[PDB]
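Worksheet: the structure to be examined is printed underneath.
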Amino acid sequence: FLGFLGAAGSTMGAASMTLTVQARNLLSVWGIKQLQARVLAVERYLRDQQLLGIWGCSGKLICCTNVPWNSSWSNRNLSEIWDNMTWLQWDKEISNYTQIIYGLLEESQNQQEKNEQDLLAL
Amino acid sequence: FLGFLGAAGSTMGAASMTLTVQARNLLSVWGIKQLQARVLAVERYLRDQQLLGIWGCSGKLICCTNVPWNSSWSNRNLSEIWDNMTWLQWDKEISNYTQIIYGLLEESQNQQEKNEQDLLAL
Amino acid sequence: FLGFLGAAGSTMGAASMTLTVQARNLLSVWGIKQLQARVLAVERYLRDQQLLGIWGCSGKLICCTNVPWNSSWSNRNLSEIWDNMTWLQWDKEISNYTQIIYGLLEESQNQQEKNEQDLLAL
Amino acid sequence: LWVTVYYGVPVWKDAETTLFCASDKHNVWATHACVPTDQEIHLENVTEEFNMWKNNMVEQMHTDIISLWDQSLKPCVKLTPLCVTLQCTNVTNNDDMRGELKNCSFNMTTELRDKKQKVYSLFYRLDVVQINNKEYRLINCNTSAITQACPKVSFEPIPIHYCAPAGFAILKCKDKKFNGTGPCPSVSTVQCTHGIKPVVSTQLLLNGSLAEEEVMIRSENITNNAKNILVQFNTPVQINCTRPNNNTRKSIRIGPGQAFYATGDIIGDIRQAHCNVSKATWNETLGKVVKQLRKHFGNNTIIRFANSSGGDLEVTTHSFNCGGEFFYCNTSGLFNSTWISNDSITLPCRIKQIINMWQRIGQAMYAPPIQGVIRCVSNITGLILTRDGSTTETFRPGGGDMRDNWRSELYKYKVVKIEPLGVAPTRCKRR
Amino acid sequence: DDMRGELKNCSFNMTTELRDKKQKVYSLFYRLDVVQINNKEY
Ligand SMILES: *[C@@H]1O[C@H](CO)[C@@H](O[C@@H]2O[C@H](CO)[C@@H](O[C@@H]3O[C@H](CO[C@H]4O[C@H](CO)[C@@H](O)[C@H](O[C@H]5O[C@H](CO)[C@@H](O)[C@H](O)[C@@H]5O)[C@@H]4O)[C@@H](O)[C@H](O[C@H]4O[C@H](CO)[C@@H](O)[C@H](O)[C@@H]4O)[C@@H]3O)[C@H](O)[C@H]2NC(C)=O)[C@H](O)[C@H]1NC(C)=O
Ligand SMILES: *[C@@H]1O[C@H](CO)[C@@H](O[C@@H]2O[C@H](CO)[C@@H](O)[C@H](O)[C@H]2NC(C)=O)[C@H](O)[C@H]1NC(C)=O
Ligand SMILES: *[C@@H]1O[C@H](CO)[C@@H](O[C@@H]2O[C@H](CO)[C@@H](O)[C@H](O)[C@H]2NC(C)=O)[C@H](O)[C@H]1NC(C)=O
Ligand SMILES: *[C@@H]1O[C@H](CO)[C@@H](O[C@@H]2O[C@H](CO)[C@@H](O)[C@H](O)[C@H]2NC(C)=O)[C@H](O)[C@H]1NC(C)=O
Ligand SMILES: *[C@@H]1O[C@H](CO)[C@@H](O[C@@H]2O[C@H](CO)[C@@H](O)[C@H](O)[C@H]2NC(C)=O)[C@H](O)[C@H]1NC(C)=O
Ligand SMILES: *[C@@H]1O[C@H](CO)[C@@H](O[C@@H]2O[C@H](CO)[C@@H](O)[C@H](O)[C@H]2NC(C)=O)[C@H](O)[C@H]1NC(C)=O
Ligand SMILES: *[C@@H]1O[C@H](CO)[C@@H](O)[C@H](O)[C@H]1NC(C)=O
Ligand SMILES: *[C@@H]1O[C@H](CO)[C@@H](O)[C@H](O)[C@H]1NC(C)=O
Ligand SMILES: *[C@@H]1O[C@H](CO)[C@@H](O)[C@H](O)[C@H]1NC(C)=O
Ligand SMILES: *[C@@H]1O[C@H](CO)[C@@H](O)[C@H](O)[C@H]1NC(C)=O
Ligand SMILES: *[C@@H]1O[C@H](CO)[C@@H](O)[C@H](O)[C@H]1NC(C)=O
Ligand SMILES: *[C@@H]1O[C@H](CO)[C@@H](O)[C@H](O)[C@H]1NC(C)=O
Ligand SMILES: *[C@@H]1O[C@H](CO)[C@@H](O)[C@H](O)[C@H]1NC(C)=O
Ligand SMILES: *[C@@H]1O[C@H](CO)[C@@H](O)[C@H](O)[C@H]1NC(C)=O
Ligand SMILES: *[C@@H]1O[C@H](CO)[C@@H](O)[C@H](O)[C@H]1NC(C)=O
Ligand SMILES: *[C@@H]1O[C@H](CO)[C@@H](O)[C@H](O)[C@H]1NC(C)=O
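Residue numbers (my numbering), protein chains in the order written: chain A, 1 to 122; chain B, 1001 to 1122; chain C, 2001 to 2122; chain D, 3001 to 3431; chain E, 4001 to 4042.
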């Protein structure tokens, strides 16, 4: 056990076994200021959980999806990503490709929603 | 792409392929006005997510359920519902029976929640 | 139908028929008193949903886990728990064993999260 | 390779936010506007860049210390009736405390609107301005009315912890040679800061936190003479205050339920109020300051300490509060030396009762007399120097801006915004 | 016919920044802002 953000400097493979530690800490003059800090924490948490549900990843911490990895985003191989890079370094590399990936996941699930809707119709 | 509420005039069959568009737009002196509207948007969103949870439809946009259609709520066949009417025309038709169906969906899930629960005990 | 908390005195077996009755009733300067009570109910509800989500129980009123029941928590047989005790009596008996159970359920899910994630790549 | 989304990554960006107070007889910075406290996690291999000079906690703490000051003065007496004409005579009519006082007689309102009250009080010469037993008036009477410093609230600073809200973290630089800027090899995530006492003072950082290994010199741009130099000591220099007089507070009923506390009589030791700093301890502390100050200007340069140039009494003197009564010490014997490559120092201090504290105009405060003898024990834990624009560098004491006082306590802290959503390539493929 | 036929040149005692001192001042007030009390008194 490392603690909150303990694996920030750890490799992506090693830091992915402690996702629960960071996940559980995202939810919980000194009056309204302290009260609006709690409402901001809930709204920030709820819009992240909404994104997971839209991508079909609701209730999951590691969600393998159907969107293929465009090599333009990152040409590195798996060995030097999950064993040589940390999540802070990785976020810097793909910070500009984040929004195009988000749209790809959003539409891919929307296609899967109608694909399973038609399969159940038979 | 049509946009938010763009398929409001589209038929029910065509407007059900754009649910992700409306779903993601339900979440995002003079300081409480901004703040109290945000809290009411979060509360309303959670009420509809709670209803989907107790119907067994959590994390789904199209959720086929086990509740039969009585035909006393609407005698129209599938051809003239999903290819002629729009979701606004349909909403004005079963508004009377909305709470009748909302009770049947909750009751069906609760019975289904235990039939599956009793099945795992074998 | 007994109503909200109607099965409080029923046995644990009979009180489990009506988990949806209590579940739906947990969610719904004088304005601030009402407004701060609304925010407290929302974040209190979300912390319970978050706990279920990290145990792999999200969207389920009854969830089966992979944590064996250590007899140290309670050595009473299954027949004298679901047909003789009420839920209020049970909560007082395992009150001190609650937190150690909560950690085991969290450790059981993320073990299944990674094992299924690993097996899914084969 | 495919995009996989990780939620909860340890990634943070710099951010400005509203940190809430926390603390562990009412106070100016009371616990009724704060939260009870309860912690520190060492972030290995993390090298963050701090900047104590563009830190928003310093700017926010200045706003909050001011805000708690005004909030603590509204519910108590406003001295509008104290703008009358004063018939003031000397107290001594001849080096003492009594040469600093005027014995002022005036007509005051009674608790009954139609009745007056011939009363008198001893006012410091720094609070009365002559009108042309002569005729005087209180000094802040053409600018504002002085809300009386409420007698049941204490000016003693209690430690306050500034704690970050959810989604934010406070990074603490644990480096012991960290000046104020650049990378910090040792970083930690604290729930929130150590107890920062809001000690209000000028030219000297009374009480507070010491340096760890050696005297630290901290300037935004050491080559710019317009920037204050925040010296931080490693061993504190103890300074002892006093007002030897046995004051006699007197109560005047200026209205229904309102009382005005006045100096009725002064007896006892009438030596001028003063502060004592050990001459041996101060000399070796300036020796350490000079040693750490030649590193930025040269080994052969001449470091000379002069006294304050000029301006307001709040900026030319070591203004501070001690025992509820506000002192203004000369500190011209402290800063008087030239450095080439049992005894004590007595600093004559004046006292005022009408205080314009936060360098503002239009909001004064009347500090009521403190009954008895006032005694004082403080630690000089730092300095605020200004450099003069040749082989000789002259360092005069500085101050005025109260933010440099709290910039010396919040130099090691930094607020960051957690960015928990990150994408990265992996051999995954959604099924 | 002029603007000056719409104005009254009103002189009054006003308080000073010192409570015990008065201030004999004057101002031009529009006739629409002053009501007579029964150099008249308005
Ligand atoms: C500095 O100067 C001050 C005066 O400004 C000195 O203070 C006075 O000290 C004398 C003793 O030296 C005190 O006289 C005694 O009174 C006590 C009982 O006093 C009580 O009632 C008083 C009247 O209401 C009250 O003032 C007292 O003090 C309280 O209230 C004041 C504010 O008003 C506050 O400042 C204080 O802190 C107190 O809360 C107190 O309630 C009496 O018992 C004494 O003993 C004599 O009488 C007995 C028999 O009764 C006899 O046996 C003894 O031998 C002795 O003769 C005596 O009458 C006086 O009350 C003090 N006055 C004030 C205003 O406090 C102070 O001592 C000087 N200090 C120095 C450093 O020299
Ligand atoms: C307090 O008020 C009295 C009057 O109520 C002042 O006494 C007057 O002083 C003026 C001179 O300025 C004389 O012309 C009057 O004759 C005095 N009236 C008396 C003595 O009844 C007195 O000066 C005031 N005291 C102050 C302002 O300290
Ligand atoms: C309020 O009155 C004080 C005292 O008269 C004014 O300060 C004086 O200003 C003159 C003119 O510059 C100086 O010569 C005096 O030395 C000042 N006296 C002190 C004690 O500083 C002050 O300017 C007045 N304020 C306003 C707003 O009118
Ligand atoms: C610096 O800290 C010291 C110690 O806390 C302060 O002195 C204390 O002041 C309070 C209130 O006046 C007294 O009750 C204590 O007895 C004092 N302690 C000692 C050891 O004398 C001092 O006032 C502070 N300096 C400031 C605030 O400028
Ligand atoms: C502060 O101390 C200084 C130095 O003691 C005082 O000012 C000077 O004192 C020396 C001799 O002590 C004189 O030769 C100078 O002419 C003084 N300069 C002045 C009076 O401007 C000073 O009086 C003390 N107090 C203040 C408030 O400055
Ligand atoms: C301003 O006040 C003065 C008095 O301070 C007024 O002058 C007085 O007027 C009355 C008539 O109403 C006379 O009986 C007094 O003798 C006057 N006193 C003097 C001249 O010292 C004056 O009228 C006031 N001006 C106004 C109200 O515009
Ligand atoms: C991959 O990204 C490039 C831009 O970086 C884009 O032009 C290309 O269309 C993308 N390929 C796919 C299959 O999305
Ligand atoms: C349809 O609703 C009516 C009441 O409106 C009810 O009597 C009837 O039983 C329902 N149909 C079925 C099949 O349950
Ligand atoms: C049950 O809990 C006890 C502690 O009370 C512990 O000693 C024992 O090993 C546990 N049984 C297991 C882990 O099987
Ligand atoms: C820092 O790096 C070392 C090896 O370079 C590693 O052993 C250690 O775990 C890292 N720190 C953290 C907090 O993971
Ligand atoms: C009052 O004191 C001042 C300064 O100490 C002095 O100039 C003045 O002459 C004194 N007034 C007297 C003695 O009447
Ligand atoms: C403070 O220290 C850092 C790191 O040693 C250095 O880069 C910076 O220049 C120093 N500050 C000044 C004002 O020189
Ligand atoms: C300061 O020192 C002088 C003698 O140098 C002494 O008389 C006085 O009492 C001292 N005051 C304090 C507060 O130490
Ligand atoms: C300050 O006072 C303390 C006792 O309160 C004494 O021990 C110390 O020597 C004094 N120091 C100076 C510099 O006056
Ligand atoms: C600084 O000292 C000089 C004499 O050394 C004095 O004239 C001047 O007033 C002092 N300035 C202050 C104390 O601000
Ligand atoms: C000054 O600091 C010392 C330790 O450095 C401490 O023991 C003493 O109480 C402090 N004096 C104060 C805060 O008045």
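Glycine is no exception: its CB is placed at the ideal position from the N, C-alpha and C atoms.
8 Å Cβ cutoff, residue i in contact with chain E
i: D:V3119; result: no
i: D:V3077; result: no
i: residue 3485 of chain D; result: This structure does not reach residue 3485 of chain D, given that chain D is present from 3001 up to 3431, and the question cannot be answered.
is_contact[residue i, chain B] using C-beta, thresh 8 Å
i: A:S58; result: yes
i: C:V2042; result: yes
i: C:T2020; result: yes
i: A:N66; result: no
i: A:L120; result: yes
i: A:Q117; result: yes
Proximal residues to residue i (C-beta, below 6 Å), its chain only, five neighbours per side dropped
i: D:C3322; result: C3241 and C3376
i: D:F3260; result: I3252 and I3254
i: D:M3061; result: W3406
i: D:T3281; result: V3237
Within-8 Å CB hit, residue i to chain A
i: C:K2114; result: yes
i: B:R1076; result: no
i: B:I1062; result: yes
i: D:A3166; result: yes
i: C:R2038; result: no
i: C:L2046; result: yes
Distance between residue j and residue i (C-alpha atoms, nearest Å)
i: C:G2056; j: D:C3184; result: 41 Å
i: A:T20; j: C:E2043; result: 19 Å
i: B:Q1022; j: B:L1005; result: 6 Å
i: C:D2091; j: D:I3158; result: 43 Å
i: D:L3019; j: D:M3057; result: 8 Å
i: D:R3350; j: D:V3231; result: 25 Å
i: E:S4011; j: D:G3264; result: 44 Å
i: D:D3127; j: D:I3354; result: 6 Å
i: A:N25; j: A:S16; result: 16 Å
i: D:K3197; j: D:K3172; result: 18 Å
i: C:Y2097; j: C:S2072; result: 9 Å
Contacts around residue i, its chain only, beta-carbon distance under 8 Å, and the 5 residues preceding and following it disregarded
i: D:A3022; result: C3034, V3035, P3036, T3037, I3160, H3161, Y3162, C3163 and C3192
i: D:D3401; result: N3228 and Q3359
Residues of its chain near residue i, where Cβ-Cβ distance is below 7 Å and the 5 sequence neighbours each way are ignored
i: D:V3003; result: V3423 and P3425
i: D:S3341; result: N3299 and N3300
i: D:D3175; result: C3184, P3185 and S3186
CB contact below 8 Å: residue i versus chain D
i: E:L4028; result: no
i: A:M12; result: yes
Short CB-CB distance (under 8 Å) between residue i and chain C
i: A:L35; result: yes
i: B:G1031; result: no
8 Å Cβ cutoff, residue i in contact with chain H
i: B:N1110; result: Absent from the structure: chain H. Protein chains present are A, B, C, D and E.
### Message
Along the stretch 1074-1108 of chain B, where does the CB come closer than 7 Å to a CB of chain A? Name the residues.
### Response
none
### Query
Any contact of the stretch 3261-3276 of chain D with the stretch 3092-3109 of chain D, i.e. 3+ C-beta pairs under 8 Å?
yes
### Task
Decide if the stretch 4005-4020 of chain E is in contact with the stretch 3080-3090 of chain D; the criterion is three or more beta carbon pairs, one per stretch, under 8 Å apart.
yes
### Message
Three Cβ pairs or more, each shorter than 8 Å: is that satisfied between the stretch 2101-2116 of chain C and the stretch 37-54 of chain A?
### Response
no
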